[PDB]
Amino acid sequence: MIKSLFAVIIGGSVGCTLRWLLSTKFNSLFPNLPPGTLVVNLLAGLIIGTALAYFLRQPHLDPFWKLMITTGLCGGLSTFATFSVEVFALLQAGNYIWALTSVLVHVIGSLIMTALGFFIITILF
């Protein structure tokens, strides 16, 4: 479990650091739907989608690498909690129209990036 632990911490730190860097640079550019929190959720949705189709065709990959890409990178890169307060803050600010828009774009958009990631590697392979 210790070698598996290093896979989570390493990929997680890279995902968290990426999310923290992208968020502090781009979120304030558009407060009604902070694009940094969106992009890291879209990107993590893309990566996890490619990982879904790629791991299926490479069943002998070391679980160390699979753990570092998904639970580590995508897990540390994406975020549900910051997505929550953003929608909460919009609700408390009476900005319902953008709270609903934030909920839809993240949910619908992450799945599409997951589908895009999955079907692209599937069409390639």
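Residue indices: 1-based, along the sequence shown.
As recorded in the PDB entry, 58-66 is the stretch of 44-52 and 58-66 with the greater mean C-alpha temperature factor. Among the modelled residues of its chain, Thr37 has a C-alpha B-factor that falls in the highest third, as given in the PDB entry. Among the modelled residues of its chain, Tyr96 has a C-alpha B-factor that falls in the middle third according to the deposited record. Among the modelled residues of its chain, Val107 has a C-alpha B-factor that falls in the lowest third according to the deposited record. Sort the modelled residues of the chain by CA B factor and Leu22 lands in the highest third. In the PDB entry, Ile9 places in the highest third of its chain by CA B-factor.
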